[PDB]
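Presented as structure tokens, the chain that follows is alone, the form deposited in one PDB entry.
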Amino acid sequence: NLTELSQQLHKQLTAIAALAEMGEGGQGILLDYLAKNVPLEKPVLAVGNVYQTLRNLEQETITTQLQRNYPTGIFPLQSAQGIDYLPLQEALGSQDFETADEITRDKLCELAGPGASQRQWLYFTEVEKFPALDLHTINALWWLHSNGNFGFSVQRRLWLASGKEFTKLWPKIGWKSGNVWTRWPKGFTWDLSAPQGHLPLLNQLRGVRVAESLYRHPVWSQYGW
């Protein structure tokens, strides 16, 4: 039974869900799966789902073991500018998407430099000059810890599937409901019941220029997003 479920890891989510509900046996299988695939070299959703499913059990022994074996998560926290992405990983690992959103916004300004860090918002030109590596790390964390539901890559593909029309994009990802913009922060859905691409948020107070620059950034094609 359990070995059959083990082979389903390589549809994958159903097996993962089943294993986690099967006591020490199934969880032992999940834990062993991480040991054979962590650290990731490329983002693999199954690995993210295994880690997050185990985290979601909220059992002390599992959580402690995960924190001990994988203190920085399952994905290398790489930065072309030496930025620390652990607080982001920790927020996503705790499924605190609201905090993760806040951190991501702060990290993008930090990535852009002292100018954006001071004014606390971005210019589209700064977005164009973002290093691909940092965007990859940030997006991977969102993607891996949300069953592929969240991430700029997710928003970008929906945008492409909308003929690059932002007015069609907003209702799909829940940032607009007809003629009314979703109100920050209470109007947004900070959990996995949110629509595909709902997070991270990109404030439209200053237009779509930042968003478009981000979606058109070479990182997505370069890293196979």
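Residue numbers run from 1 along the displayed sequence. We call the rigid core the largest set of C-alpha positions that still match within 1.5 Å between the two forms.
- The gap between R206 and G207 holds no unmodelled residues of the deposited sequence.
- For the pair 25-33 and 55-63, the mean Cα B-factor is higher in 55-63.
- Look at the C-alpha B-factors of 119-127 and of 84-92. On average they run higher in 119-127.
- Of the candidates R156, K168, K176, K42, it is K42 whose Cα B-factor is highest according to the PDB record.
- Residue-level temperature factors show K186 in the highest third of its chain, judged at the C-alpha atom.
- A46 sits in the middle third of its chain by CA B factor, as recorded in the PDB entry.
- When the modelled residues of the chain are ordered by their C-alpha B factor, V180 lands in the highest third.
- Remark: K172 belongs to the middle third of its chain, ranked by C-alpha B-factor as recorded.
- For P114, the recorded CA temperature factor ranks within the highest third of the chain's modelled residues.
What comes next is about the form deposited in another entry, which does not appear here.
- The one residue among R68, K42, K164, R183 whose Cα position changes by 2 Å or more between the shown form and the other one, with the core held fixed by superposition, is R183.
- The Cα position of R119 differs by 2 Å or more between the shown form and the other one after fitting on the rigid core.
- Compared with the form shown here, the C-alpha atoms of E212 and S177 sit at least 3 Å closer together in that other deposited form.
- Shown here is a form in which the CA atoms of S177 and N203 lie at least 3 Å farther apart than they do in that other deposited form.
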